[PDB]
Every structure is written in structure tokens, then in C-alpha cells.
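Heads up: the structure comes next, in C-alpha cells.
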Ligand SMILES: Nc1ncnc2c1ncn2[C@@H]1O[C@H](COP(=O)(O)OP(=O)(O)OP(=O)(O)O)[C@@H](O)[C@H]1O
Ligand SMILES: Nc1ncnc2c1ncn2[C@@H]1O[C@H](COP(=O)(O)OP(=O)(O)OP(=O)(O)O)[C@@H](O)[C@H]1O
Ligand SMILES: Nc1ncnc2c1ncn2[C@@H]1O[C@H](COP(=O)(O)OP(=O)(O)OP(=O)(O)O)[C@@H](O)[C@H]1O
Ligand SMILES: Nc1ncnc2c1ncn2[C@@H]1O[C@H](COP(=O)(O)OP(=O)(O)O)[C@@H](O)[C@H]1O
Ligand SMILES: [Mg+2]
Ligand SMILES: [Mg+2]
Ligand SMILES: [Mg+2]
Ligand SMILES: [Mg+2]
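Protein chains in written order, with the authors' numbering: chain D, 1 to 240; chain K, 215 to 321; chain H, 42 to 107, 144 to 457; chain I, 53 to 437; chain M, 249 to 310; chain J, 153 to 405; chain C, 1 to 244; chain E, 1 to 242.
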């Protein structure tokens, strides 16, 4: 149909290539962000069911853009490699010219700008990745959560999920989290993200990856034994 | 053609003293858009009646193709002739009629 | 376990024998229609049965030669004569005749052709629909009034302008536009007869039998005064040629041709309006579309926002609705689409309310029905 | 189990009792032959020499003559003599004519054709409701359109809404679509007509359109009804090509049914069940809602659905209580309900090769490997890139 | 093809009469119209009575 | 291969002979069966062989529906095919449609073959009785699973699938042995050698070896074979199979 | 669905899964088998040759194996034509990096950059994806011996052992079954030869049908020594493993 | 194609027709101009309570004396917004003069009044056809408060009140007569809320609607969610009396 054109504006008002991007986000891993008062917890699936895989050199889904800016993603791994690279360069650009450390909010916009640009320029596909960019603003200790979409726009939610079986996760996020009050403690906040991920992973120590990002360049990924500890405690409740 | 394939069978036709059934690919391909499957069955039956018989099919280069198009209605009969020929040949072993003889440009 | 297996085995035999026993029940009792006093009729009937004047073999005059040359339907020709006394002036080319089995003489002239009777079953008289409850405020609704009503009500103005009276309108629109609905409404209001012809039904063919029916029906119309002949679905048969195909066909060219020539050139008409229902003009042979057959064509235009609030209201009246319900808001959210799509939305809103166990449909119900229909059409 | 036994006991004393009653009751000595019967009888033999060559009544002229066409190309201007009222006869009726001299000796026909009998398949639905392991949510969409006006007319009447016309079943085979069709049929106990759409594809001249008309007549006569036009798409969007004589037929049949589905107005008392694989990637020929109303897409079975289906099957098996049910369904991706049905059948077959009469604890974990591998090959889903 | 009434049996013959009539009572200009239904340039050209109308067309001109 | 014989035995013979035993001991009844594997294995033969001993009426039913003209078109009388087979229990309908034909229509959904076939498949459960007992097995045969008519590909009612490999050297020894016994026995009993040394590719291949070895005795005007003849016969048959099949390729990779 | 759209990279399939990428898989698999086994004491690269003619000199062609630099070697499977652009760029890029930092290229870097051109051709430019898969065998001191694979799509995944091109599944079922976790370098050669003889038409696995190299950390004084074995040393070791 | 090289048989251009639909489906935005300020209201169309509504904004300060709300396509709108900001800033640098609203409407529309890939005595930077309208409100000294309806289609039209988006046909019908020039800034705010209340199915609160004004005095001033909320309360109150 109109899938062969981008320039052609379409009376449907909807260019099919754009629709098809969404199909692509769905297929990918589930990646979730839930934020406290002092933390972003990012719980994400990393598949590891692959036989004869040396896990050490296989890239973790989470990639440090900046020293305090992180990215998780759902959608095609190849296409996603371009966003990570543009975004890294721009990170260091920011410091080189403003001196100021990376404004996260600029960065959210910069990234979306690329998925937008390519919607207008024929002969350049719109990317079929949606991302989570999360960070902490210069001179600030309030957590910051953003999602980008392949529609070439951006938005902030109090907590959000993307990728396979996101429908299932969204019910959890409505009932156990609230915009009004995020779980004040870091600890509360991490335990709920583990329970959400369990709904679609259905038991895995390394299939669940938790990276907690705190203010002031504090990045630490939870220990496999500690992750295992969240699971067992939760699993006792399930039969009660 | 010019390698006298047909010519060989003209030779054998005299000497057999016995039936010779000389048919062409034209007969098999559609004549009512449905005639073709029936037409396969009749040559094999007719051979049994007047056995010994030499079954000779001159053209089959166009009846036998790897692929087909079922969107044309007329083509569907081409497809069906090919498949029934494979089936009948297995039920035609251990007969007085010689097992199907055919002539082609290529193998 | 095992002694209760054999309880199943017994059960099955029984059920089968009862079903055969139905035939025995029906019995041998024979009785036929003709109650109260039409079995006393049968007593008269007996002597007249033995009597002879029935049947008469039916044939058809093909030429009167001052005796008559009759042609029977088995196809066999005879020269015959008058029976008791059959006036010359009664027997005409095409007139049926009653002739005796084997003494072959005319008794009664019989009205021409048996084919009108067959086709008069299809014909339906002046359907009635009220123009006010006709949904939309469509422009189309108005141009129908010009074609049909105004030449019948006041033929004077048309003469004075020295235009030809409009007589042909071609209706086409997506399905659910209301082509059938508006034609029935203007049949009623103008107070003119109506002839239902359905062209999809034509199948009686002997190379040009379909052409006989069509000439007779159109001619029936001329005889009639203030009438409409509505040929329905002429998308195929008297619509598209099937010549295009490999082996092809032309029984449809016979039917098509006949209609074109009745329309084209001199030929009297008794205020015959020609209505043509095609789903698409594309399917319609271009021969018909281009002018000198049907005078006017209107492309149906899907109802305006004012017309879409208007159809919804018609439905909402039939419904039990909430007070202060925003008809206009529901309509705006809804696509610009047929009166049909809108009929469906009111149907599903009703049902979700019933399921939810409510007798009065909320605004909220119609927000749900809308979401349902958009998705449907799209996905396909 | 037990519930079924309780019923057997009653059913076998009902039949017995009836059968015995029947002798007397039908007659065997009762032999009505009193004045009213005797009249009918005497007359009927006299008037009717046989065989009797049927006609079709084309028109009446009021003078107790009619014009009929016999099967012979010559038609016959006949007397009406005896029996059937003049009023009762309306044009288009099929009629009995007497062979010596053609006269209207009655009617007993009503345009009886064998085609109507063939179609007529009210006969015992194999499904009762909720024998099926399907989900409450899918069946309670079909039920809402079809059942709910017949059982509770109060709500529809009060709202004032019209009763819906038709549904479309489409899936996904192995969602038990035709099972669903005969679940619905049982509950309504409506005259359940069935016709398959390929009988309306023929080279024979004009026969398709004739068949289409029959269907509307049949349903109306035997109303309330459900008309299963099964593989509606055979006539419609689905093909049989036009370089096979199809440049005549297929057009005429498609149009004809289309025209009668809208009609002068929707009947609103003939329910339809329209089967088709899906009309998502096929062309749509089922012409907009309001004549087909609610359209039903059956979900591909998720993990909770197949639990319910699975419970039926495990009942007969012995040594599947130790086997953990939950883990067999989870491990497999979400797939057809047909694939769980396939698995049960393979499972038993496989136990026999091991030599165990019914499944072993081991046999069930093994069963899953053979069925999953076969089915994933048959139907391959896009690989994540 | 319009003067073909019902069957192409009784009508193929009707047409042979129509040709005969039309030539006779000259001078005349016979206006024969649309030729498309009897044209049939195809190989599936009918050998039925449709051939007869068509042939008598060649005869008139010759 | 007898691998194969046990696998097919379970599936057809037991539910036909006694549905009542099968049903109870297992659960459900098996459906249609699809035989896949290369041409020239002798899949057809298997289908004939089961029908022989069971006493199923092997009705060979041509893929065509226009070869049937007797009571009308066999497309329109789909229903007559069902009704009559049911009466004619036990039966094997060998519905030969290889599905190599219609390369376009695999991925399509159009075509006359697709139309007729899908209604046919639906008819078996709407009329009923083949559901109750599968005394009439609808044996399909095809080269692969991936070339099927689109109606049969998707779920429906096909379930059992039997895979046939081209022979192994063990299986090859068996086929070769028994034809040689009937004919003239290989002297020095090096029919075992011939199978050990090489694999053919089909049991069709193997019957070709049988014919040729025997033709070599005919040229001498002898009526008995020896090992010397099989060693010539094998090299000729088998090598010819390779030179006709390789020519299609140019020089890619 | 019906109308398969794929003219350009930018134009999406309805499915959303670009058909040009799909066709790329077919192509990779067209070529014969190549196999990389990473061992704790070397990497072993062993493959059956594409070529098969004896007229054509199989011996001098190590079509599969080219070295890009002193530590890094790649095994190639797919489209020969397309492939030739990428092998050449990769060598120059490696030497560009050595210019800049005067250190050998890290294995991980070298793959990620090449993968990114492969994406580049779908992201922009009608230009077909260059449908080729390499198995990279490299060493760096960041992670030791490293093995990678690259998808035509333009993404990479590490592996303990992998197979590419034809009959990937069969070779894969065998490798995992008899896998020895530690893996000795001697062992890897034996294990590789066993897998190739079963997937290779000649079951005697002739030398002239074999390409072989071993990269060894088990080379004196703890260092990385790449050695391309010629057809004459393949033959000597064939008789050592006993398949012949 | 159906580009702009193709001239419609109609006398139109196909892309131009295609642009209108995107505005029709767009967000509902209302502006009513007085001679005491212009008040613009929008629906922020809140959809979930996990969505942060405050963050999201469809009323954006473009320049000191000008703000814009957007209706059409969300994608196009990025580019459109960046164009506008730039256009204003260039003139301020270049002549250091406050611009008219009129001058701004034109300049934004300058990129708009060309479509295609072909250019013949001009540059191209476009690669499509854009389909996004704005309400461009402001103040200039010369003609006071002005409201424009900037179109991606024909020449810009000045308006005294305008409503666009999906609530448009109703909203606009109400406006023709409810508009007057005698309104106060306080009368006018409540009138904007009133129309908004009717055409939005869900009930009116400050978490899904936001009000803003341009009065020269306070510049482009975004209303406090407290300031918005009270007037909603006031709205319900007068309707009870009424
Ligand atoms: N003006 C209207 N008001 C209300 N509903 C309407 C209107 N017009 C048509 N419909 C609805 O659309 C459906 C069909 O209307 P109608 O029978 O006149 O169709 P049509 O366009 O003539 O179609 P076909 O192509 O099937 O011949 C009905 O559900 C009817 O209520
Ligand atoms: N195992 C066998 N024993 C005896 N003869 C055999 C054997 N296998 C094949 N043949 C011979 O090969 C002939 C042809 O094989 P057949 O047509 O039965 O093959 P199939 O594998 O079922 O193929 P298709 O692809 O045609 O359906 C048989 O008629 C028979 O003479
Ligand atoms: N909603 C459903 N209703 C009924 N059975 C279902 C449902 N979903 C899944 N099934 C399962 O699928 C099994 C087989 O369905 P079956 O294959 O007869 O169905 P169909 O969709 O009518 O297709 P076809 O005629 O093409 O085989 C059922 O016995 C049942 O286990
Ligand atoms: N043995 C031969 N002696 C003479 N000419 C021959 C010989 N064999 C074949 N030809 C020539 O080959 C040509 C084709 O012979 P024909 O039987 O018609 O068959 P085809 O073209 O099908 O092979 C003739 O022109 C004939 O002269
Ligand atoms: Mg020749
Ligand atoms: Mg209509
Ligand atoms: Mg079914
Ligand atoms: Mg076979």
C-alpha cells in the first residue's frame, strides 16, 4: 500500500512503516523501569537459554551511555546499536561545549529527534526499537524516567513497561505502585520489580537482570544471590 | 530433434506384430478444461485390451514441469495429469504392455 | 464397572427401534384438502372428469394466413381452423391458443404468452416508507425529488423551460448507503406504481430467453402510468460481459443488448422512471453508464456530520437512552461512514448494556461500540 | 459418570413403555372407517387413477380453470375439478394433476424438492454446551448475539433495539469453531439447516442462483432457525478460477447471495453462522455489520485456557496424578488447543509401544517432545532477529 | 441476434426467413445492428445456430 | 525399514479391527496419516500392503475431481464421497495429491484445488461417523511437509505423521536379499557385500540393481548370476543416478 | 501477506520482518559448513571446503580462512561476491586502530564496527544487506581467546562453540552432546574431525576437502601463534586421527 | 505516485488533501481572543494515572510574547516547533525589534507553502509534505492582541476566536455567537472552560486540562494547576444556579 513511501503523506494519516515498527518492539525482550524516591530500578530480561554460549563476552542489554545515564530497550538488537552510538557521542559532546554534565532531558529529545528525522527523509527507515532512558539531572537527586517511541516522540511516566507480555506487567504496576507515592525505600522498590519480571520469565536467576541506578554516578547491578533471595521470599507468599 | 527418436519407434512398430499406440502431448492437455485427467486413464486401459502394446508419448516436456500455477484454471488439469501418471505407473508393473515409453528434447 | 457396561449396550438398541415405529404410527389413513363443503363438490366433479373439454394442448399462432398456422411448444407446425366459431380478429402473432388433443382446432383464444405470469411474482407494488424518518440530510435525497416527483406532479414547468423531463437516475454507493431505502421512500410519496425487477435472478436462458423477459417487463411499464421500474443489481447478468474469459460467454450480452436498444432511440414510454442499482459503476458495462440510456447519475455521498447525528438520533429514539446523552459527541468520534456503520454501533451498545445488566444504555456504552467497529474494518 | 447411569435407567423404561402403548394406540383394531373417513377414501380411489404427473400452477383465472405447465413442453389449460379450495391455491404452488385428463386433484407437495431434505439437518447436535474445554469468554459472544433474544426477549424489547442478524466465526482452526457451532445449536433447539458452499460451484447453468433463493425460503418456513453457510468463502472471496468455465458461474452466485443477505431489509429472525478461515488477508465479501453484526475472532489458546481442556483428558489416564500437570502446559509456548488434543492421542499410542496399557509416569513427559517438535515444524512462526 | 427468440432452434430458422424478406421488396437499405454478439473472433466460436446468423451475414454482402 | 512397520501397524490396524479396544485402553482415536520422505522409497506400496491384510478396500482416489463424471462432477458431489465410504467400511482412501504441484498456491490461498479440498476436510466432522471410528483412514502422500496445500498446512484435523528415510545399508541388505532369492541367488553370497560397501538412495534404486545384474546373465545366454555381475551392475546403476542429477548446477560455490 | 514488498530496505514487509534479510539466511546456508570451537588452550578452526572439483585447485585456495592480522583470523561463509568488500575493509580498519593506539585491536571492537556497516545498508540506502557470516577467532588480553559470530542483520552474540552455513543443526546436536567443558586443544581437533566426517559427504573426510588452522596459546613461552596448515599437514594428521 | 507533480483532476494536489485529515484527528484546542489577553485551553488527554500529565504539554511558549498549541501529527510537530523558535530568534538578532504576531505567522507558513522534492529557483530541506496546524496567539503593539489560524494548506487566516481538532464542529458552532469583543479576561476564561466541558466525554478536572494566557503584562503565563482548579469549581457553581 503506502508502505512503499514515507514522503507520501497518506489520507489514512498513518504510514504503515510506522505501524510495523510497533510489531518489532513487541517481539523483543521485556524491559521494565519502576522508580523510587532516590532510585531507578531497571529489571529486564536477558535470554540465556542459548546452548554453548559463553555468557561473559555476550553484551548485557543494559549499556552505559554516560556515567549516570543508562539505557534498556525492547526491539531488534541490530537497529538498536545505532541509537546507542549516536547517544554516546552526543553525551561527551555535551560536556565538551556546555561543560555541564549531560542534561538527561536534552538527551531524551536528541534521541527521539533521530527516529523523527528519518520519518521525514525518504530512503531511511524509522527504527523499530522503543527505549528507556533513565538518569539523574545535573545538580539533582530526583530519579528521571523516560520512554521514547518509534513514532518520533517522547514522554515521561511514573513507571512503564515495554516489550513481550507487557499487558501482564501493566496490571501489576497499577496495583502495587502509585504515581502519588513511589515506594519510598529502595528495597521495597526492587522487590516489586522482581515480582513483575517473574510473571513472564517464570523463574530465572540470570534471566533476570537488575541494575539500580542511584544519583551521583552510583551504578551497581544486583548480585545473583541477592536476586535469588527476592525470588524465594516472593515464592513463599504465592502458596499462602 | 534430428536424432531420430520417433524413427526408432517406427522401426519397432512393424516388427512387433502387435499393437502400437502412438499419441502426443496435445491430447492430454485440456479439451473441455477437465478432459485431461480422464484422458490419462483411457490410454492405460486401452493398452490392456489389445495387449501386447507399445505406449509411445511424443511430447511430455510441457506436461512435466517442476512448478505450476493454480491461479489459471486451465493449468490445474496439466498438474493432475502429471500426478496420476506417477500413480498408474506403479500399478502398471508386471504387465504384458511395455512400461511407458516417452521422447523428450531433454532429461 | 463391568455389570454397568452392559446397561449402555442395552440402551442403544431401544432408541433405534422407537424411531422406525414412527412410520407405523402415521398409518395408512388418507385424506385430502376440501373440507366443510368441497367434498360435496367432488360428486359433481366426477361426471365432468369423464366429460371431455380439458385439457387443451397449448400452442401459439406464429402466422395468421387467412385456418391459421399454429406452432406447438414441442416445436411442430400445423395448419388448423376454427372450432365452434373463432373470429379471425382474435388470433394474432404471439397469441396463445387452446387446441384439442388430436382433433386440432381452436376453442378459445388465450391471452398472449405465459411468460408475464412467471415474472409478475417478482413484481412488488408501491412500497411504502416515510421520507421524514429517512436518515441523513443528504443532497442525494433532494435530487431524487427532482427526477421522480416533479415531472409527475407538474409536467407543465418542464414543457415551459423546454428541457426534457428527467426520467433516469443511476444509484451507486458503498453498501449501506441507503440506495434501496430512498427509492422506496420516493415511490411512496410521489404516489406512483412500482415494478420490482431483480436482474441477479435472470438464469432462464436458451440464448436469449433472458432478453424475452426484459422486453416484456419494460413493456409492462409503458402500459402502466406513473411508474417506476427498478432493475436491482445489474452488476452481473445484463451488467458485465463474460467475453473477456478464455472460453467466454455471451448469454449476458443478449440480455444487456436488449435493454440498451429499448432505452436507445424512439420508443414510447408512459412516464417510466429507470432506476439502476449497482454497487460500483465500475462493474457496470460502460455502454450503459455513458449517456442516452440513464439520464442522470449521482455518486452517493456519505452522510454529513449533521446527517450522521441525524441517523443516530433515529436509532436512539428506538432505544432507551440516558437523559442529557450527547448524540453529537458520539457522532463526532465516529468516522464519516455509511448509515449502516451507525446502525451497528447502536446495536452493540444495546447488547453490552444488557450483558452488564442495565435497561437504559449509558453514554459509555456507545463509546465501547465505536471502538469495536473501527478496529474491525481496519484489520481487513 | 454416575450422573450418566442415573439417566440410562429412565431412558430404558420410557422406550419400553411407549413401544407397548403404541400398538393399540396407533390402531391394530381401532380402524376408524366411520362416515367421515369413508367419504374421503371412496372418492380418492375413484378420481385418482395413478400415476399422477405433477404440475406447477402458473396462474388462475376465476372460472375454475387454471393454466399449469406440465413437465411436457406443451402446457395445458386445465379445469380445477374436485378437492383443493380455489382460495387455498395461490400462484407458484406445485400441484397434483390427474394423468387421464389433467385436472387439479389436490396438493400434498408445496414445491417439495430433494434439495430441502438434504439441507435439512436438524439432527442431534454431537455437542452439548460446555462439554467443550473452550473458554467461557469466547462462547459468551456467540451466545450474546444468538441465544440471548430467544431466552430473554424482555431486555431486547424494553431497550427497543433490534435482535442481531448473523455472526462470523473465524479463527484459527483447532479453536474448535465447529464445535462451538454445535454447542450453540444444542441450546437453542432451533431448526439447524446446513449447506456447504462448494455445492453452489458447478459449471451447470444458473444453478448457483437457484440454490441461493432456496436457502431463505427454507429458513423462514422452519423458523426459528440457525443457517450454517459453512465455508461461505467458497462462493465468495475463495476461488475456483475463471479459465474453467468460472467466468460465468462464480460472479452470479456471489452477487446472488450478497443481494439476498441485505434483502429489502434484514429478516432479523434467521440467525446465520458463517464459517471462513479468516477474512483478514482474504478479501471481505461478508458486506459490513448490521447484516452480520458482531464478528468473532477466537483467540489462539493461552496457558490458562489449555488447562481446562487438559483436565478433561487426564481423567481417563491413570498415573498422571504423580505427573505434574502444570509444567507440561507452561513449558510449551502458547499454541492451538488442537495441539493438546493431538498430544493426548499420541500419548496413548506411545504407551502401547513401551508396553504399558495406559500411560506410564514417564510416558507423559516424553509425549510432549514428539508432539511439540512435529507441530512447530508444520507451522513456523517468524524468528526474532 | 435480437430476432433470435428463445431457442436457437426455432430462431436460427426465423432469421433465414428475415434475410429472405429483407432482400425482397427492393429498393431497401437494411440497417443491421450491433455485431458484437455474433462477432466471436475467438476459437470458442459457437458451431451452434449462432454460426447460421453469421453465415447468412456473408451471403448478403457477397 | 521396519522401523516403519511397527509404527504404521499401531496406527491403522488396531482401531480398524476393534475401535472398542483402542478407545478404552488409550484415549481418542487417530486421524489421517501423511507419509513423507523421498520418491522411490515405496510409500505407495506400504499403503497397498496394509490394505491387503486388513481387508480395507484400497480405493485409489485420484487428486482430480473431474475424472469423476459418473453422477456428476466430483467437486460438487463431495458429500457422496463421504457417505459411500462410510458404508464401505473398512476402507482406505488413498487421496493422492502430492502437493508438489501448485508452487504458487502453497503460499497463496487462491486456486480451485484449495477450494474443493478445504470443504472436503470440514465435511468429515459435520456429517459424523468417521469421528466415532476411523475405520476410513485418509492417507495422504507427499514428498515434504513444506509443500502442502494451504488448507492441510494449518491445524484442522491432520495429526499423525510418519517419516520415511531413504534406506540405510542394513535396510538395503534386506530389500536386495529377498528379490535375489525370488530371482536367481547371488553366488558366493556377496549380496551382503554389495549392501555393506555402499548405499543406494531408494528401494527403487535397489530393484534396478536386481534387473541389471540379471540382464548381464542374459547377454552371455546364462540363466544364473554371480558376484562378478552384481559388482558391474551396481556401478552402472548408481553412477547414472548421480550424472543425471548434477548437470543442473553451473559452477556456483 | 500476499503482496510481498521488499524492493528497498526502507520499505517494510507487512510482517515487519524484511524479506531481503530473510533471503540472506538462505544464502548463508547455501555454502558448506564451517566450525569454530574455542578451547582454553587455543582456538581450533576446521571446515569443509566449498570447492569439490579436482581440476580447480582446492589446495592453494583457503577460501574459508584469511588472516586479518597477526592475532586475528576469520572463517567466512556466504556470498563470495559480497563478502570480498567486507574482508578487505576489516584488515584496513584493524591496521587503522594499531596506528592510533599502537595496540592490537580488541576482538569485540572489530566485530561491532563491521556489524554496524551491515545495519548501515538497511538503515539507509536501498543497497542490499551484504548477507555474510563470519566466525571471528581472535585473542585479546581483555577476555583471552574470544569467539564471535555475526548475523547478516548486523548483530553478534558470543559463543562457546558455533557452526555456520549448511547443516548447522546436525553439527550443533553432536558438538553439545559430547562437549568437554574445560576443552583441551588436542581434544578440540579430534572432536572437530569427528563432527565434520558425519556432515561431509565423504565419510573418509579426504584432506583435499579440508581446510584447517590452529591458533595456540599452547605455543612456547605462553604466546599466540597462528599456523595455517597446508593440505600436506592435514593429510599427515588425518592418518593420526584414523578416519582414513 | 499521487505526489504534487501529479495535479489532481480536481484542481487540487493530493498531499494537500491528505494533510487535512491529520488536523481532524488531532488534539482539541480552543482559543478566544480579547483585547485584554488571549486565552488558550487544551486537553492534555490523560490516559492512565501512571502517566505523568504535568510533564506532557501541548501548550508551549514559543517566544516571549507568543505561544502555540498544536493539532495534527505529533511527529511533524517536533520539526514545526523547532522551525518557529528559530524564525523568531533570527529576526531579534538581526534588527533587535519585537516582531508582530502577523510577521511570525507568515514566516512559519513560508516553509509550509511549498511541497515536493523538486525546486527550480530555490532550496529544499523538506522531504515531504507536512500536516500540522497551530493556533498562533500573541500580542503586537500595532493591532493589539491577534489570534491566527496557521494552516499547512492555503494562506493564513486571522481569527477572533477559533477551535480546531476533533471537537471542532461542535466547538466552533458554539463560538460564532458566544464570541464577543465586550468580554473581560475573566468572562472569557470561563467561556473557554464551558465549551471544553461539553465536548470532552470525561468530566472536567485540572489533571487533564490546563489553561494559559498571553497578556503582554505577564507574558506567556501558564496557569497554576491551583489557579485552573478553582475556576472549574466556579464553573460548576454558576451552572447549578443556572
Ligand atoms: N439513511 C439511513 N439511515 C439509517 N440507517 C441507514 C440509512 N441508510 C441505510 N441504512 C442502514 O444500512 C443498512 C442497509 O440499508 P439498505 O438496504 O438500503 O442498503 P444498500 O446501500 O441499498 O445496499 P446493497 O449493496 O446490499 O444492495 C441497514 O442496516 C439500514 O438501517
Ligand atoms: N522397497 C521396495 N521394494 C520393492 N520395489 C520397490 C521398493 N521401493 C520402490 N520400489 C519400486 O519403485 C517403484 C516406484 O515407487 P513408488 O512410486 O511406490 O514410490 P513413493 O516413494 O511412494 O513416490 P511418489 O513421490 O511418486 O508418491 C515401485 O512401483 C516399485 O517397483
Ligand atoms: N474455544 C474452543 N472451543 C472448542 N474447542 C477448542 C477451543 N479452543 C480450542 N479448542 C481445541 O481444539 C480441538 C480441535 O478443534 P477442531 O480441530 O475440531 O476445530 P475447528 O477450529 O472447527 O477446525 P478444522 O475443521 O479445520 O479441523 C478441540 O477439541 C479443542 O481441544
Ligand atoms: N539412422 C538415420 N538415418 C538417416 N537419417 C536419420 C537417421 N536417424 C535420424 N535421422 C534424421 O533425423 C530427423 C528426425 O527423424 P524423426 O523420426 O522425424 O524425429 P525427432 O525429430 O523427434 O528426433 C530426420 O530428418 C531423419 O533424416
Ligand atoms: Mg519428435
Ligand atoms: Mg440495496
Ligand atoms: Mg471445523
Ligand atoms: Mg508414491
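Idealized CB from N, CA, C, for every residue including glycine.
Supposed close pair residue i, residue j - CB separation, criterion 8 Å
i: residue 318 of chain H; j: residue 362 of chain H; result: 6 Å
i: residue 151 of chain I; j: residue 107 of chain I; result: Contact doesn't hold; Cβ gap of about 11 Å is too wide.
i: residue 157 of chain H; j: residue 272 of chain H; result: With a Cβ gap of about 36 Å, residue 157 of chain H and residue 272 of chain H do not count as contacting.
Beta carbon proximity, residue i to chain I, threshold 8 Å
i: residue 252 of chain J; result: no
i: residue 225 of chain J; result: yes
i: residue 307 of chain J; result: yes
Top-ranked residue by Cα proximity to residue i, from the options
i: residue 239 of chain J; options: J/256, J/338, J/312 and J/287; result: J/287
i: residue 154 of chain I; options: H/424, H/240, H/375 and H/91; result: H/91
i: residue 176 of chain D; options: D/159, D/165 and D/201; result: D/159
i: residue 223 of chain K; options: K/269, K/245, K/242 and K/241; result: K/269
Proximity test, Cβ basis, 8 Å: residue i and chain J
i: residue 230 of chain I; result: yes
i: residue 369 of chain I; result: yes
i: residue 426 of chain I; result: yes
Cβ shell of residue i (< 6 Å), same chain only, five flanking positions each side left out
i: residue 216 of chain J; result: none
Cutoff 8 Å: residue i Cβ touching any chain H Cβ
i: residue 199 of chain E; result: yes
Chain-ordered residues of the segment 24-40 of chain C with a beta carbon less than 8 Å from chain J:
Within the segment 24-40 of chain C, the qualifying residues are 30, 31 and 32.
Cβ-based contacts, 8 Å cut-off: residues of the segment 269-302 of chain H near chain M:
283, 284, 285, 286, 288 and 289
Which residues, in order along the segment 186-216 of chain H, keep a beta-carbon less than 7 Å from a beta-carbon of chain I?
Under the 7 Å Cβ criterion, the segment 186-216 of chain H contributes 187, 191, 194, 195 and 198.
When you check each C-beta in the segment 278-304 of chain I against every C-beta of chain K, which residues fall closer than 7 Å?
293, 294, 295, 296, 297 and 298
Cβ-based contacts, 7 Å cut-off: residues of the segment 385-414 of chain H near chain I
395, 396 and 397
Which residues, in chain order, does the segment 239-252 of chain I contribute to contact with chain H at a C-beta distance below 9 Å?
none
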